[PDB]
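Single chain ahead, written as structure tokens, the form deposited in one PDB entry.
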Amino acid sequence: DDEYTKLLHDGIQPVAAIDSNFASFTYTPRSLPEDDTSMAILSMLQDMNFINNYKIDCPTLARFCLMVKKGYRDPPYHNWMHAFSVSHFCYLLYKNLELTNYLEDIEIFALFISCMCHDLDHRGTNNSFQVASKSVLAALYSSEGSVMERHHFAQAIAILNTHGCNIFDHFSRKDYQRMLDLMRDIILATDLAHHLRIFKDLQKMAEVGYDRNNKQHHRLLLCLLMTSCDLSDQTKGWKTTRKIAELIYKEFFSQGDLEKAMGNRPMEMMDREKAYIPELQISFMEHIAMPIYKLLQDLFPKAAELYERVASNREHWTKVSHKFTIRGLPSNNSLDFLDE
């Protein structure tokens, strides 16, 4: 309502007016103030021509975007600024890798909307913690798997069914179902478990080459692209990867604290007393992040700089590892911690 008037009266702006480096892989979406993000979303959709392509009612689109933004909570990492930055990287893939030569317009459109919606109502805890804590989400989704991802999707649907927020209510019956299916598949691809299951399929597709006439390749690419966006904080500079590490480990240790308080022993990366950040970071870089961008590189030669930045950032984590060794007294001037 208040933010609605602000957003609407701003008007859909050319992507250049935001920043000259906006469509570049070097640009950091987190540099943009949060109060400008909703306009940037609209700008990106305009630049990809999805507004005119699908004749989306602009006030409906404004309301949708504000609702999505409002649909995020404020944990250290999984907040709107994460969804925004993920969305931005999806836009970057479109502009830089020329996705129109690989996927249907409806698929790219679904990828971008999914990115906006992919962590809706995230509470800063993983799928595991929902079960352990016996949350409502576990009650709802634990037997199906990908607990959080199913909630994110359910939240996205609820937004669409909010009056004045249905950006697809003018879509053909065929296109409408397609969009819903695509959003579900893409959002569920954000579960690491899913990525790990389809990993060998992705390796096959990258080696043999992407075949645009292969409907399975479309599915797999959409998944790979979604995971690339989700992890894109690893493709920027040192400052970004380091700041993000702060937010992610903050979130992780908060969850770990809650697991100790209810009896459970949290995994190493959730435990603030046992977690060695350099080691956990490097292991994640080398074994999760880097292969995703290696696969992307093999499918799109223009993605090579992304893999190189993740590799460079991983080397930087090795370089600064030694600093986690307490020299002198701790920044406390006490040794009381030697009796834990």
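Whichever C-alpha set is largest while still superposing within 1.5 Å between the two forms counts as the rigid core. One-based numbering along the sequence shown. Residues that one form lacks are left out of the comparison.
Relative to its counterpart among 131-139 and 186-194, 131-139 has the higher mean temperature factor, C-alpha atoms as listed in the PDB entry. Look at the C-alpha B-factors of 62-70 and of 310-318. On average they run higher in 310-318. Ranking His170, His218, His78, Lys95 by Cα temperature factor from the entry places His170 first. The entry lists C-alpha B-factors for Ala206, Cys223, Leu111, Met267, and the highest of these is at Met267. When the modelled residues of the chain are ordered by C-alpha B-factor, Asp230 sits in the lowest third. The PDB entry assigns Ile157 a C-alpha temperature factor belonging to the lowest third of its chain's modelled residues. When the modelled residues of the chain are ordered by their C-alpha B factor, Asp105 lands in the middle third. Per the PDB record, residue ranking by Cα B-factor puts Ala83 in the lowest third of the chain. The PDB entry assigns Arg150 a C-alpha temperature factor belonging to the lowest third of its chain's modelled residues.
Beyond the structure shown, there is the form deposited in another entry, which is absent from this document and is the topic of what follows.
After superposition on the rigid core, a single segment of 3 or more consecutive residues displaced by 2 Å or more at every C-alpha between this form and the one not shown is found, at 325-338.
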